[PDB]
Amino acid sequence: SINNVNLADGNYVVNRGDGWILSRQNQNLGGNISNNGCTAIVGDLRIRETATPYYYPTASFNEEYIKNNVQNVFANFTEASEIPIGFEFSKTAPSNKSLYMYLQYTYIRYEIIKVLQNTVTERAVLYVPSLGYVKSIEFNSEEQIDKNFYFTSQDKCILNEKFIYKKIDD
């Protein structure tokens, strides 16, 4: 399945791409409501104090091993976290209806994989806070909304996934 890689045997650090949203964290930051042509704006600052990484280590790859190997090949997120960065989204509510939009953090998914016989044997995962993403829907207090709009049961990428690797040495 997702464990089949055309890669030589060894350990690799992989950049799975930017744009990853996490399972069921959809509405953790709250939502915004507007109407009748009003412009709604939501934004945030990924200050080092809030933007915290999510580590999912394995036996072969511990937190430290994952961090150093990622910050060695890809963007050094520990350094960058000291400099506040902002982002915002804005949208105009329809003329005679209501608009609801909610915000959630996006991430860069990094992976540390152990390959054997062209198959992934072990997989560590790291989610580095990137920016944010908003979802909006128009409504009225009667409308029924699809719950997939409010909930994400499995981690996924809102952009196209990626597989940019580099074999680890020693």
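So that the term is clear: the rigid core is the largest set of C-alpha atoms that superpose within 1.5 Å between two forms. When you see a residue number, it is the position in the sequence shown, counting from 1.
Undergrad: Figure out for me whether 55-63 or 111-119 is the more displaced stretch in 5 other deposited structures of this protein, taking RMS C-alpha distance from the shown form once the rigid core is superposed.
TA: Once the core is superposed, the stretch further away in 5 other deposited structures of this protein is 111-119.
Undergrad: Is the mean CA B factor in the deposited entry higher across 37-45 or across 53-61?
TA: According to the entry, 53-61 carries the higher average C-alpha B-factor.
Undergrad: Between 2-10 and 159-167, name whichever shows the higher mean Cα B factor according to the PDB entry.
TA: The entry gives the higher C-alpha B-factor average to 2-10.
Undergrad: Identify, among 32, 144, 26, 136, the residue whose C-alpha carries the highest B-factor in the deposited PDB entry.
TA: Among 32, 144, 26, 136, the PDB entry lists the largest C-alpha B-factor for 144.
Undergrad: Which of these has the highest Cα B-factor in the record: 103, 115, 128, 131?
TA: Out of 103, 115, 128, 131, the record gives the largest C-alpha B-factor to 115.
Undergrad: Among the modelled residues of this chain, does the Cα B factor of residue 90 put it in the lowest, middle or highest third?
TA: Within its chain, residue 90 is a lowest-third residue by C-alpha B-factor, going by the deposited values.
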